Structure formats: C-alpha cells, structure tokens
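One structure below.
No lab work stands behind these numbers, since they all come straight from the coordinates. Because the Cβ atoms are built from the backbone with ideal geometry, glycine has one as well, and the counts that use them run over all protein chains shown.
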Number of protein chains: 10
Amino acid sequence: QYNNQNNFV
Amino acid sequence: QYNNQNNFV
Amino acid sequence: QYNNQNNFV
Amino acid sequence: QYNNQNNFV
Amino acid sequence: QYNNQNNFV
Amino acid sequence: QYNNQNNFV
Amino acid sequence: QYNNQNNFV
Amino acid sequence: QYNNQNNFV
Amino acid sequence: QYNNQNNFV
Amino acid sequence: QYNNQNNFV
C-alpha cells in the first residue's frame, strides 16, 4: 500500500 | 493499492 | 486498485 | 480498477 | 473497470 | 485490454 | 492491462 | 498491469 | 505492477 | 511492484 499527499501554497 | 492526492494553489 | 486526484488553482 | 479525477481552474 | 473525469475552467 | 484517454487544451 | 491518461493545459 | 497518469500545466 | 504519476506546474 | 510519483513546481 502506497499513500501520498502533498500541498503547495 | 496506490493512493495519491495533490493540491497546487 | 489505482486511485488518483489532483487540484490546480 | 483505475480511478482518476482532476480539476484545473 | 476504467473510471475517468476531468474539469477545465 | 488497452485503455487510453488524453485531453489537450 | 494498459491504463493511460494525460492532461495538457 | 501498467498504470500511468501525468498532468502538464 | 507499474504505477506512475507526475505533476508539472 | 514499482511505485513512482514526482511534483515539479
């Protein structure tokens, strides 16, 4: 299981 | 299972 | 299962 | 199962 | 099953 | 099974 | 199974 | 199974 | 299984 | 299993 999340402001 | 989410403001 | 979502503002 | 959604503003 | 949806504003 | 979709704005 | 999707803005 | 998705803004 | 996703802003 | 994701701002 590969879980990825990223936020760029 | 591959789970991906990204936000670009 | 491949799950993908991305938001570009 | 391939699930894809993207939003471009 | 291939599920695709995209929005371009 | 070959599944292909592309969007060009 | 080959699954491909690309978006070009 | 080959799963590919790319976004170009 | 080959899983690939890339975002270019 | 090969899992790859990259973001370029």
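In terms of its alpha-carbon gyration tensor, the protein assembly as shown comes out oblate; a/c meets the 1.5 threshold, while b/c is at least as large as a/b.
In this simple spin-label model, placing a label point 7 Å from the Cα along the Cα-to-Cβ direction at both E:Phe8 and A:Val9 gives a separation of 3.1 nm.
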